[PDB]
Amino acid sequence: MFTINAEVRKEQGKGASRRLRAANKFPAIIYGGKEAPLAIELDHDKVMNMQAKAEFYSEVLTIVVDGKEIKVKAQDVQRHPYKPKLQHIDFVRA
Amino acid sequence: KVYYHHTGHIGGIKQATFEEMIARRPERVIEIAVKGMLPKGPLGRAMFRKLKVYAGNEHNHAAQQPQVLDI
Amino acid sequence: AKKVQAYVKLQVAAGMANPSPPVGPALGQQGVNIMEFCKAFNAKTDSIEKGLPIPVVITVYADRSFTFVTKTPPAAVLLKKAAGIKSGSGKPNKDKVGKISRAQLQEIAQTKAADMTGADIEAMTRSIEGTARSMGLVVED
Amino acid sequence: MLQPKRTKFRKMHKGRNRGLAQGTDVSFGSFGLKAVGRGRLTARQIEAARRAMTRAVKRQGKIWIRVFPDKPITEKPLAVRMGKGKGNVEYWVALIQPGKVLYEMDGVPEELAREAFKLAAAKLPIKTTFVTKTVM
Amino acid sequence: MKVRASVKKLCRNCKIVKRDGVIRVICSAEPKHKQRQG
Amino acid sequence: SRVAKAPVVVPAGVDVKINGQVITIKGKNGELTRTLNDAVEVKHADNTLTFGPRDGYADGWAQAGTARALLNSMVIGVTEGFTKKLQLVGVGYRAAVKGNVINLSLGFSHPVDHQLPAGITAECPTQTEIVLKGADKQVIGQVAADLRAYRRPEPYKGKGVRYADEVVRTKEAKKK
Amino acid sequence: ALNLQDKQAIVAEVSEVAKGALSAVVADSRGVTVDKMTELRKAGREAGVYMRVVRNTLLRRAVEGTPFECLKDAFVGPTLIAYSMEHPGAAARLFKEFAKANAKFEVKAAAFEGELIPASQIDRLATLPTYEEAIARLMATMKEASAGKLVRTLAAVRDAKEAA
RNA sequence: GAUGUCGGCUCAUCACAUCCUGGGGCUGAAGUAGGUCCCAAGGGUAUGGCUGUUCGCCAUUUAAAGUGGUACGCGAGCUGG
RNA sequence: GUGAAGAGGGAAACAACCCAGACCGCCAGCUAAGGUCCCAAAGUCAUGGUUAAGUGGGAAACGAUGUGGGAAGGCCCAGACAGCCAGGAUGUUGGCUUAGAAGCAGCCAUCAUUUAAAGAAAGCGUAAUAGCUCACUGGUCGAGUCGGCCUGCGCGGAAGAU
């Protein structure tokens, strides 16, 4: 159903990931198939109000990064200690 | 804002309305508004004694020629 | 509030509207005189046997003036009569105290015909099925 | 109420938490109540919280309970000074820490499970927030 | 009637109204529901 | 929210004179029909009142319906005149009007001495019936409220002065 | 958008039969009161006349999607419409049964085979003669409305203005 | 290198979280009466016995016989009971 | 670490805090933490967002019909949002129960009738019917609104010896 976009991670380690969460962004990863795990940054409040419907996990996803499209479903979610805001989410190719 | 005092008698804080201080002796509302903005005891007593307000639209400094100021 | 109500319920034997207790209190609170109501109630019951419960539906105007429709007895009274049950089970469907055929319901439906709103003799019957079901009666085709 | 059957030793250290929990997501239920932050619970709340949820939900579904007061905690009597061995035994404590899910459900209809979980939270000494599982 | 704290709705016609910094329950079905604080 | 969006569109031959925030509604057949909008700012246009935010207040849509309501009330005030038939239930109390004076009893040894504002007049068919006449929707209820101060329609046996919305719900006697 | 078809579907539906109808009758009430109504709803389905009480949102939208003759001027305000596509005499008769218990002035207009039929003429349609007189009255209705009616109206406005 | 008490006389003062009148809301309150009760420091708030007694018991008045603090008020005031 | 064994600046005076490690004298400048309307040295700052509490600048449980922004999304002139009026019906006054039993005293029924339409009833009340609003329908009504979630701001709770 839902049609999103993503960026590839410029810097990785604690300092870059804190500078995402300071600015209401969070990280994620897309694994599976014959091909490598793909690390991306996402925007928190773009996707938080999409994932209010179950089709973001149940039905397949349009995800565009550098004009590449592979088809995807969402996987399990990591949340902040005292906020329901998304600290990190995992995804699988579908 | 009820201008609180306890001169020495009767249980309670004692008080005075906001309404008296403009309706009766109308100078006092400005006097004890600039008062706390001045330094310690003695120099603020010399700063303070330079203000007069009088009753209102009845000032007596006609002969000094006051320079009007809008704030 | 204006104090108008459409379709006030009362259910009382035809021979029992001379005392106030078969009438209960509720007419009294809305300003319907129990004596005046008793002259209005005997005028459509003269062809019904005494002790047989008469349906009465009342409309009341702002000044507690009142108009009354008196009816031939309920489908429920006749459906109890026709199955040979004195009273129902107090559980619809799950408790059975008889059964009733469709042809009997059709004879009820025609006795009810001026009270019935239905566009069909079939429609009229369909209304009293669920009344039969309420009294612990099976409507078998 | 949930508690450990028997314990290795009779007396243990009070402890503290380092600032994270590991059952922060719902994993027994399909929804639950999350602790927000941190504190102590005297086992009185476990009891009161199950009681609060069962009077509202009754025989529609199951409750899963995730807190148990595995740790003894002493009070030092008013007649006895400090530095003199630990006090008489006072209460048994479950330690909640940031993100710890307290109570979980599935069987009960979600909106009835939400009302039940608001009620348990009044029995608790701190503000809480309801969490839902989703697909993942 | 009791002053209380924390407001809940005793009837569908409790309007519930904030006059100054205090919530009064004001009702126009029954006057019985007139809780002074929420 | 439907009446916070309402455009008013004032009727013909009502003269609606705007100093910005004070609006004074003038016309034929009535006097003293006005608003000071203070939480919200009102532009008139030609006759289409438009509701938005004022400087130094925070509420939004909350007072905007209120300002709309109050301008329209006034417009109704000057045109037709708002309803007038006032009455009382309960023996030995009365609401008998006699000139500027409304004559009533509370068992009191002093006159209760309830009187009509210089901005209204009234007259009486019966000692429990009052008809008040005038063109301000505020004032007719404003003298009625002092009449209701100590004579409110009670929630058990209902006696009081009866006008507009009324709180009586019926209550029962101690159980037998 | 609607979530459901029901509110859009009934507009197309009512224009479809009401454009067709060989007789229809257009009336006003906003709370018809049920006792009289339930029994005329009964009696309409005894005659094979169909009766709707129907919204101005719906009526305005009816005008919008489907072209109408002679019924669109009586749509203004709260409106019931009873209508028949077969046995036109019954549509107008059902109103003369209702009039016994109601205001006979409550009619705004009727339509007959696409001709506009005035509040006075419909009383004549509601008479319902047996069949030789019936077919002859149905024709009288139509012949009258096409061209006689024009001349009727042009006189009815002139009298009011005429001063002595 | 000193903040020192009970009980008893004298003299108090401050917080109102009011014993009470005074204006008012509810009541499963008709009115009476009881239950519920907000506002409010302004003001009044008893005496003999026994005992070294705080507290106890008893007799009694008045519409009435308060709540909290004070080096658990007060020997640079009184007395060792 | 700091005081202990260290001045000064900031905090209202505050041994241990934040900045800093005082040779001494400097009526020379910058900068730190902290400040910048006056006490008191400097921003009543420029640009945009929001709020009624002296909240700000005093804290929780808890609670609702307090108020705005935002994106994703349903509703959305095919009439919203959801209040007011009018209708509120046929079986039916369901069954049992009871003086009588009427949606609402209790329990079981959770359905059916001409219908564009009216729950065998969401909430009140009644010793309990009675009286009442209510959707839905059809008048008024002619445009924004709310639930999920991110986000600013409020609230009462928050009463003691000067």
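Criteria and cut-off values
Residues numbered from 1 in each chain as written, not as in the entry; some residues may be left out. Chains lettered and ligands numbered in written order. Part of a larger assembly, values for the part shown. Heavy atoms only, no water. Contact = heavy atoms within 4.5 Å. Buried area = accessible area lost by both parts, 1.4 Å probe. Salt bridge = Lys/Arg side-chain N within 4 Å of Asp/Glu carboxyl O. Polar contact = N/O pair within 3.5 Å; in protein donor to acceptor, adjacent residues only side chain to side chain. Axes fitted to C-alpha atoms, helices over the stretch in contact; angles between N-to-C directions. Helix = DSSP H or I, 4+ residues; strand = E, 2+ residues; numbered from the N terminus. Parallel < 35°, antiparallel > 145°, perpendicular 65-115°, else oblique. Left-handed = near helix turned anticlockwise from the far one by under 90°. Nonpolar A, V, L, I, M, F, W, Y, C, P; charged D, E, K, R; others polar. Pairing = 2+ DSSP bridges. Near = heavy atom within 4 Å. Core = buried A, V, L, I, M, F, W, Y, C linked by side-chain atoms within 4.5 Å. Buried < 20%, exposed > 50% of the residue type's maximum accessible area, 1.4 Å probe, protein only. Patch = residues over 30% accessible without salt bridge, like charges linked within 9 Å, V, L, I, M, F, W, Y side chains within 5 Å. Areas by Shrake-Rupley, 256 points an atom, 1.4 Å probe, with all protein chains shown as cover.

Determination of this PDB entry was carried out by cryo-EM to a resolution of 11.5 Å, according to the record.

Draft legend 1. Seen up close, the interface of chain A and chain D. Counting from both sides, the interface comprises nine residues of chain A and, opposite them, eight residues of chain D. Carbon and sulfur atoms make up 58% of the surface buried where chain A meets chain D, a total of about 920 Å² over both sides. In terms of surface lost to chain D, no three residues of chain A exceed A:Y57, A:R79 and A:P81, which account for 49% of the buried area on that side. Between chain A and chain D we count zero salt bridges in total. The tally of links from chain A across to chain D stands at two residue pairs in polar contact.

Draft legend 2. Looking closely at the packing of helix 2 (residues 34-47) of chain G against helix 4 (residues 88-98) of chain G. All names here are of chain G. As a packed pair, helix 2 and helix 4 sit with axes 10 Å apart at the nearest point and diverge in direction by 150°. Judged by the angle between their axes, helix 2 and helix 4 are roughly antiparallel. Where helix 2 crosses over helix 4, the two elements pack in a sense that is right-handed. Together, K36, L40, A43, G44 and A47 of helix 2 and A90, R93, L94, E97 and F98 of helix 4 make up the contact between the two elements. A class-by-class count of the residues in the contact of helix 2 with helix 4 yields six nonpolar, one polar and three charged.

Draft legend 3. Region of interest: the sheet that holds strand 4 (residues 107-112) of chain G. Residues and elements named next belong to chain G. In space, the five strands of this open sheet follow the order 2-3-1-4-5, with antiparallel pairing throughout. In the strand order of this sheet, the two ends are held by strand 2 (50-54) and strand 5 (115-117), each with one partner. Sheet twist, expressed as the average angle between the axes of neighbouring strands with direction ignored, equals 20°. Of the strand pairs in this sheet, strand 1 (residues 23-27) and strand 3 (residues 79-84) are connected by five bridges, and their pairing is antiparallel. Bridge pairing in strand 3 places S23 opposite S84. Contacts from helix 4 reach strand 1, strand 3 and strand 4 within the one sheet, and its direction differs from that of strand 1 by about 25°.

Draft legend 4. A look at the protein's contact with RNA strand I. Inspection of the region around RNA strand I gives 125 residues, with C:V4, C:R126, E:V7, E:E30 and F:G60 positioned closest. Looking at RNA strand I alone, sugar and phosphate atoms form 69% of those within 4 Å of the protein. Between RNA strand I and G:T38 there is a distance of 2.9 Å, counted from a base oxygen to a side-chain nitrogen or oxygen. Broken down by element, the surface near RNA strand I gets its largest block of residues, eight residues, from helix 5 (residues 121-134) of chain C.

Draft legend 5. Quick peek at the nonpolar core. Judged by nonpolar contacts, the single largest core of 26 residues is most densely connected at G:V49 and G:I122. Elements that contribute at least two residues to this core include exactly strand 1, helix 2, strand 3, helix 4, strand 4, helix 5 (122-125) and helix 6 (131-161) of chain G. Per-element tally for this core: the top contributor is helix 4 of chain G, with six residues. When sequence neighbours within four positions are dropped, the list of residues in contact with G:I122 reads G:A92, G:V107, G:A110 and G:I117. Formed by 23 residues, the second largest nonpolar core is a distinct cluster that contains D:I96, D:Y103, D:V108 and D:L124.

Draft legend 6. Here's a closer look at the sheet that holds strand 8 (residues 101-103) of chain F. All names here are of chain F. Here three strands make up an open sheet; going across it, the order is 7-8-9 and the pairing antiparallel. The sheet is open, and its two borders are formed by strand 7 (96-98) and strand 9 (114-115), each paired with just one other strand. Strand direction decides the pairing type here: strand 8 and strand 9, joined by two bridges, are antiparallel. When the sheet's bridge partners are listed, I102 is paired in strand 9 with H114.

Draft legend 7. Seen up close, a nonpolar patch on the surface. Together, B:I30, B:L51 and B:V53 line one region of the surface with nonpolar side chains, adding up to about 200 Å² of accessible area. Tracing the backbone through its elements, the reader meets B:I30 in helix 2 (residues 28-34).

Draft legend 8. A look at the arrangement of the chains. In this assembly, four pairs of chains are in contact, and the pair contributing the most contacts is chains A and D. There is a clear gap between chain A and chain C: no contact, and 41 Å between their nearest C-alpha atoms. A gap remains between chain D and chain G, with no contact made and the closest C-alpha atoms lying 24 Å from each other.

Draft legend 9. Molecular detail of the protein's contact with RNA strand H. Surrounding RNA strand H, one finds 21 residues, the nearest of these being B:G11, E:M1, E:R36, F:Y156 and F:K171. The protein-proximal atoms of RNA strand H, defined as those within 4 Å of the protein, are 74% sugar or phosphate. Here F:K171 contributes a side-chain N or O atom positioned 2.7 Å from a phosphate oxygen of RNA strand H. F:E172 places a polar main-chain atom, nitrogen or oxygen, 3.5 Å from a phosphate oxygen of RNA strand H.

Draft legend 10. Spotlight on the pattern of salt bridges. Following the criterion strictly, the structure yields 26 salt bridges over all chains and no others. Between A:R93 and A:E35 there is a salt bridge whose closest N-O contact spans 3.2 Å. Taken together, the residues A:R93 in strand 7 (residues 86-93) and A:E35 in the loop between strand 3 (25-31) and strand 4 (38-43) connect sequence positions 58 residues apart. On the basis of relative accessibility, which here comes to 15%, the residue A:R93 falls in the buried class. Judged by its relative accessible area of 41%, A:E35 is partly exposed. Taking the shortest distance from any N to any O, the salt bridge between D:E111 and D:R114 comes out at 3.7 Å. Placement of the pair is D:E111 and D:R114 together in helix 2 (residues 110-122), with a separation of three residues, close to one helical turn. Judged by its relative accessible area of 58%, D:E111 falls in the exposed class.

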